[PDB]
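First, one chain by itself in structure tokens, the form solved without its partner chain.
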């Protein structure tokens, strides 16, 4: 359940809260890390906690909407939804 080094569910929330608001953040690989985690949690069917991460990343990318984070919102949402169309056949509507 590790995500950006954060092991616990409260840790990933607080750490990715910092990652988005305080960092110069690197190439889109770091966004695709959370996309990979969405795909893994899709295989493992732990989408309970992954929905938590999606809706909180919606919150944060909408609150920190500045160029790369605006683009990261569309990138993160779309990629989770296409893999969720592959497995479940429906798109997760956090909005």
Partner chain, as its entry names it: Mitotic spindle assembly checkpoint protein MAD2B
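Numbering follows the first chain given and starts at 1.
Unshown form deposited with its partner chain bound; subsequent notes refer to it.
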| Taking heavy atoms only, is residue 47 within 4.5 angstroms of its partner chain in the deposited bound form? | yes
| request: Please check if residue 77 has a heavy atom lying within 4.5 Å of any heavy atom of its partner chain in the deposited bound form. | output: no
| task | Note that its partner chain is not shown here; using its position in the deposited bound form, name the residues of 66-91 with a heavy atom within 4.5 Å of it, in sequence order. | result | 84, 88, 89, 90, 91
